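In what follows, a structure is listed as structure tokens, so that the remarks can point back to it.
We place every Cβ from the backbone using ideal geometry, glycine too, and count neighbours over all the protein chains shown. Just so you know, all these numbers are worked out from the coordinates, no wet-lab data involved.
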Amino acid sequence: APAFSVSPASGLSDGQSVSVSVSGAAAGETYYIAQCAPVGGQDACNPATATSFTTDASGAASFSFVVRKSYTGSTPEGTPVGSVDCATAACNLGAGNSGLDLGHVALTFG
Ligand SMILES: C=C1Oc2cc(OC)cc(C(=O)O[C@H]3COC(=O)C[C@H]([NH3+])c4cc(O)c(c(Cl)c4)O[C@@H]4c5ccc3cc5C3=CC=C[C@@]34O[C@@H]3OC(C)(C)[C@@H](N(C)C)[C@@H](O)[C@H]3O)c2NC1=O
């Protein structure tokens, strides 16, 4: 598995933007990055922050991604699951695409 880390990862805030950076990947591929949050049963991701970033010549990447304490969850397949709120709940950003999974960083608004 390649590497994937974010600057901060706790006591975050809505609108707060962190500088993420992935490595070990390979130039010639694009991965989707977005915040998500499971719900003791299914999985709801953010359909708003769904951007696709490609790696560089050395298969490395690094950019600024904003976050949102609260956000309506919704499986990436195409179905509404409900609303989510990290104000007092648990959340975790995930990256990767259909072929190469990057990593999963847990966040914590507070
Ligand atoms: C147009 C988009 O619209 C949405 C809507 C949404 O609902 C809120 C959530 C996400 C999102 O960001 O989902 C994220 C949600 O993040 C996670 O799910 C984190 C989890 N750690 C994870 C889940 C997962 O399925 C996966 C990986 Cl690498 C990681 O594989 C690939 C993967 C990684 C991340 C995501 C989804 C997948 C796919 C689903 C099935 C296989 C995957 O492979 C993905 O399968 C599809 C079918 C999703 C595909 N499709 C053409 C987009 C493309 O994204 C492909 O990389 C997006 N992204 C979009 O591109």
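With the condition kept exactly as written, say whether any residue in the range 68-77 is surrounded by fewer than 17 Cβ atoms within 10 Å (Cβ to Cβ), assigned to a loop (DSSP other than H, G, I, E, B), near the ligand (Cβ under 10 Å from one of its atoms) and acidic (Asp, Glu). Yes; the residues of the range 68-77 include at least one that is surrounded by fewer than 17 Cβ atoms within 10 Å (Cβ to Cβ), assigned to a loop (DSSP other than H, G, I, E, B), near the ligand (Cβ under 10 Å from one of its atoms) and acidic (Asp, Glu). Restricting the range 55-87 to residues that are among the hydroxyl-bearing types (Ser, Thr, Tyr) and over 15 Å from the mean Cα position of the chain (by Cα) leaves a set whose member that is nearest to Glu29 (Cα to Cα) is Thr55.
Tally the residues that are touching an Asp or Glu at 6+ places or on another chain (Cβ under 9 Å), part of a strand (DSSP E or B) and among the β-branched types (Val, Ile, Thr), restricting the search to the range 42-65. Spell out the reasoning first.
Going residue by residue through the range 42-65, those that are touching an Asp or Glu at 6+ places or on another chain (Cβ under 9 Å) are 54-55, 59, 62.
Going one step further and asking which of them are part of a strand (DSSP E or B), we end up with 54, 62.
Filter again for among the β-branched types (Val, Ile, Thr), leaving 54.
Selection size over the range 42-65: 1.
Among the residues examined, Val22 qualifies as among the β-branched types (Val, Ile, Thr), in contact (Cβ under 8 Å) with a residue 60 or more places away in the chain and within 14 Å of the ligand (Cβ to nearest atom). Once the range 78-102 is narrowed to residues that are small (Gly, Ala, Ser) and surrounded by 17 or more Cβ atoms within 10 Å (Cβ to Cβ), the residue that is farthest from the ligand (Cβ to nearest atom) is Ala95.
Looking at the range 18-35, which of its residues are of a type in the set (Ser, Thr, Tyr) and surrounded by 13 or more Cβ atoms within 10 Å (Cβ to Cβ)? First the steps, then the outcome.
Residues of the range 18-35 of a type in the set (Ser, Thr, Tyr): 19, 21, 23, 30-32.
The answer is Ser21, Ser23, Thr30, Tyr31, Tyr32.
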